[PDB]
Each structure stands twice: as C-alpha cells, then as structure tokens.
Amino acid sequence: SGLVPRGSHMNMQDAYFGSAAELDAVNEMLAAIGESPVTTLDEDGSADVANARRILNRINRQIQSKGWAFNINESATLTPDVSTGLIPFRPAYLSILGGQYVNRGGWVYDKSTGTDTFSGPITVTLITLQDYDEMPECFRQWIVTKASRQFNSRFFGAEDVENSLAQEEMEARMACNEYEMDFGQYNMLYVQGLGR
C-alpha cells in the first residue's frame, strides 16, 4: 500500500495515551501558567493537572481530526471478523475519509448499503491519532501552544502569557499551513488516485 502514521495505537482503549510525551506536554502547560511540573498524570490529585490534560486532549483531537499527512494511513486494508463480519472502529481512529464509512457504536459502518457487516476486506483512507513524539515539530508547537493559551484564558488570565502564546500559536499555525501546501490536503473526491 501507501504511507502510514508513525503510531498505529491498535490497542489504545482510553481517551489518553498515558505516555512520557503526554506528560511533557501537560508539564509545559503548567509551566506556562506558573505551576510546577508533576511526575505522573495518572494518579490524579489536582484539578489543574486534570484540567490541563483534558484541554490538551480536546485541542489535540480537534486539530488532528482535520487530517494531515503525518496522521493519514493512505490505504488501510481492514479485514472483518470471520464469524461476525464486524470491523472495529478503534479508539485511536479519528475519521475514515470520504463520507461513506462512519463509526456506529465502535464499529465501521457502511452508509452505501447501511451495514456494519462485511464479507471481505475494505480499503480506506484513515486518520489515526498521534502522540506528541509522533508528529512534526510544527504540529506539536501549534497544539501545545493553543492548549496552553486556552488553559491560561479559561482559568488564569495572565496577559503577558496570553500575548506571548498568541504569537507562538500564530507562527506554528502558519508553519502547519505551509506543511499542508507542501504535502497536500487529502480529498476522496487506489494510492495513485489518492492525484486528489
């Protein structure tokens, strides 16, 4: 097939990665706001840690769901269960491009006939959520800055932090749009056709 993301995350079950990379990002958000870093997230005393984690996760998902070159599995072949005919829509999946295949209850559902059972494999273009050490630097900068900005604004309101972050976010956001101009916006309009 085609190019894949750095992380496949096939066994992700929770909303969060629970990783060193996620901790580092949350610790950056805390720092921005004047709070000292923690050694684990998991574990679950403070409101500020929990809130930063949540804000970060939502922004991460919102930006990644658009779909970009680094988080796209260009030609993913999905094979149904032999007995049930089912294909799980796994928790790390953000979207199947095209408007035909959607998540219904944790299962890939085909709108062309109205079914979640398949007699053979399907090949689709899939967006898979990546962790912060699995994306280009410009994306980690845009997501973690945007999250820091929101965390500041919602709970703290330090204006020097806001002015500073607004500028860093603008710059990362321009860099991510320059990326997309180089790599292209995937459109479903196999790998060869994916021409756009």
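Numbers for residues come from their place in the sequence shown, where the first is 1.
Colleague: With respect to the deposited sequence, how many residues separating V4 from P5 are not represented by coordinates: none, 1 to 3, 4 to 9, or 10 or more?
Modeller: None; the chain is continuous from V4 to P5.
Colleague: Please classify the unmodelled stretch of the deposited sequence between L189 and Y190: none, 1 to 3, 4 to 9, or 10 or more residues.
Modeller: Unmodelled stretch: 4 to 9 residues.
Colleague: Mind pulling up the entry and telling me whether 38-46 or 150-158 has the higher mean Cα temperature factor?
Modeller: Of 150-158 and 38-46, the stretch with the higher C-alpha B-factor average is 38-46.
Colleague: If you average the CA temperature factors as listed in the entry, which stretch comes out higher, 55-63 or 163-171?
Modeller: That would be 163-171.
Colleague: Could you tell me which one of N103, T125, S83, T115 shows the highest CA temperature factor in the PDB record?
Modeller: Within the set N103, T125, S83, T115, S83 shows the top C-alpha B-factor.
Colleague: Hey, what third does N71 fall into on Cα B-factor, ranked over its chain?
Modeller: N71: CA B-factor falls in the lowest third of its chain.
Colleague: Ranking the modelled residues of this chain by C-alpha B-factor as given in the entry, is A32 in the lowest, middle or highest third?
Modeller: CA B-factor rank for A32: highest third.
Colleague: Which third of the chain does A21 land in by C-alpha B-factor: lowest, middle or highest?
Modeller: Ranked within chain, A21 CA B lands in the lowest tercile.
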